[PDB]
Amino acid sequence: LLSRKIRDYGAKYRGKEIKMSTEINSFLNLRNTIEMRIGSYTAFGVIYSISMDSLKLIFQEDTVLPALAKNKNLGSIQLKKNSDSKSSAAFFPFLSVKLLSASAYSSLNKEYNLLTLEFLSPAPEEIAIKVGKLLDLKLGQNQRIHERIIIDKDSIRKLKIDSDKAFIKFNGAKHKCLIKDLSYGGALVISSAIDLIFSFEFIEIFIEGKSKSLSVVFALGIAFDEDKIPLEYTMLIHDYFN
């Protein structure tokens, strides 16, 4: 019944995911740090996204990925509940996984792998049913699923960007703007539907998007083109939550 609903969501949402943020971890009661075991080898990584029967994990390069290859691309992971507890009660049993895919990328002169891992036995049903509900909301595009990061003294310190200064380009002209908020999928900027390019100085990152709201200086809401978002931007937002 619950099992059946989870099987239906598995089929419906094959290939889809929910990116992690503070509010998602809170809802799911799932810590974002996770231990992988490959025989007696062990390493901690961070969850990037979760799906109905798989999840994506970030590790440093030259750690888990070669270790998995030596073990026929099988390992086990331990999900923990969203607390600092060291009690047995905070942990789910280790679950068997198999590596489906991996990519390589850079951050701050350090190299990382993003690993897609499939559960070889049922994920905890309490988590699976909530991931399916989040995927229903993502499909609908009727309400927000993630928090937006408001740009202020505290968040600018945590984000790996230097300031609130950015640029908006549209109709062959580039204007200054101030970033007011950021999220995985867009931004609100202030300055003085249309296609545009949002950019800011970084290690200039350019993101193509479309206007969604304007209101009066002018506050402009932007939806980044969903299939084109630079991995470096996505990881900047993920880093903020981690």
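Heads up: residue numbers just count along the shown sequence, starting at 1.
- The modelled chain is continuous from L178 to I179, with every intervening residue of the deposited sequence accounted for.
- The deposited sequence places 4 to 9 unmodelled residues between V216 and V217.
- Per-stretch averaging of Cα B factors for 204-212 and 34-42 places 204-212 on top.
- The mean Cα B-factor in the deposited entry runs higher for 162-170 than for the other of 73-81 and 162-170.
- Going by the entry's values, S87 shows the largest Cα B-factor out of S87, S96, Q141, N113.
- The top Cα temperature factor in the record, among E17, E232, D227, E23, falls on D227.
- Sort the modelled residues of the chain by CA B factor and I150 lands in the middle third.
- In the PDB entry, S51 places in the lowest third of its chain by CA B-factor.
- In the deposited entry, the Cα temperature factor of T63 places it in the middle third of its chain's modelled residues.
- Compared with the other modelled residues of the chain, the Cα B-factor recorded for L188 ranks in the middle third.
- Residue-level temperature factors show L1 in the highest third of its chain, judged at the C-alpha atom.
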